[PDB]
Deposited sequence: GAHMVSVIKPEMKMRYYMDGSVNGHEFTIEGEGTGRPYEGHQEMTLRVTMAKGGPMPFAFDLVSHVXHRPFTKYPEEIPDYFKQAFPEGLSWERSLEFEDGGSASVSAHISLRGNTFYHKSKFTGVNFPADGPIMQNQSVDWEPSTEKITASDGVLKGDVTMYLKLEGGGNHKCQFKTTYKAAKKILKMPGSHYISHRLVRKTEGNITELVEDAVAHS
């Protein structure tokens, strides 16, 4: 098996939100069978200076890192060595929205994760553009299968500075590069994604566990 108990990650993203272009590059380490990742990510604005949005907007942008019980087929680890891609729509409760897609490849014990992100129609005084969210709440995503691909649906909430919630619906399609021999049936993935940010540098930790 090509998925080892310790693995490494390299990340690159081309993105833009409300017209502001940026890149993100970073790296981490993780334990795929424990469903744990931790990484450091660095944002660079094309015009320079501090990023003019909350990092939660892109933090959710690596399913091999999910603890799967033996009794649920693990599509994401089965997708390797050949590769795994995914696509996601975000719809925020204030009319902001975004589309992102990523391709994940593997060389040696290192995953290379390459993404393109476009975010539009965020209110200038809303919590994403004003950097007022601080994390996502933990969530449970429902995973369903059809025709060799998976779909995930999860109602997410930003935690706001000083206490509110702000809703975002995620709809994701997950696509193995090569046809998967053992497809799972419908199930859930429990996530806890937590960030600690200093300006344009963010440390992120995710813990994810599948269950039926």
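Participant: Since the structure holds only modelled residues, which stretches of the deposited sequence does it leave out?
Facilitator: Coordinates drop out over 1-5, 67.
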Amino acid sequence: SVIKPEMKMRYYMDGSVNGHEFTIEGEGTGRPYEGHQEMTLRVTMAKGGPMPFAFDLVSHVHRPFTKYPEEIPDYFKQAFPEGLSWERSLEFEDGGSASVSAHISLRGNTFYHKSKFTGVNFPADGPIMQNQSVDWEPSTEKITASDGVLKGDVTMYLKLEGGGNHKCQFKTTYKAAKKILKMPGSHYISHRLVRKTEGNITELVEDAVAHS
From here on, numbers count along this sequence of modelled residues.
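Participant: Looking at the deposited entry, does 113-121 or 74-82 carry the larger mean Cα B-factor?
Facilitator: Taking the mean C-alpha B-factor of 113-121 and of 74-82, the larger value falls to 74-82.
Participant: Quick one: say whether 101-109 or 129-137 has the higher mean Cα B-factor in the deposited entry.
Facilitator: Higher mean C-alpha B-factor in the PDB entry: 101-109.
Participant: Just to confirm, going by the entry's C-alpha B-factors, which of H187, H62, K47, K167 comes out highest?
Facilitator: Checking the PDB record, the top C-alpha B-factor among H187, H62, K47, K167 is at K47.
Participant: With respect to the C-alpha temperature factors reported in the PDB entry, which of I24, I201, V17, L193 ranks highest?
Facilitator: If I rank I24, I201, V17, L193 by C-alpha B-factor, first place goes to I201.
Participant: Just say lowest, middle or highest third for the CA B-factor of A208 relative to the other modelled residues in its chain.
Facilitator: Within its chain, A208 is a lowest-third residue by C-alpha B-factor, going by the deposited values.
Participant: Ordered by C-alpha B-factor within the chain, which third holds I180? Give me lowest, middle or highest, please.
Facilitator: According to the entry, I180 has a C-alpha B-factor in the chain's highest third.
Participant: Comparing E38 with the other modelled residues of its chain, is its CA B-factor in the lowest, middle or highest third?
Facilitator: Ranked within chain, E38 CA B lands in the highest tercile.
Participant: Place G152 in the lowest, middle or highest third of its chain's C-alpha B-factors, as listed in the PDB entry.
Facilitator: For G152, whose C-alpha B-factor we compare with every modelled residue in the chain, the answer is the lowest third.
Participant: Thinking about Cα B factors across the chain, which third does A54 belong to?
Facilitator: According to the entry, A54 has a C-alpha B-factor in the chain's middle third.
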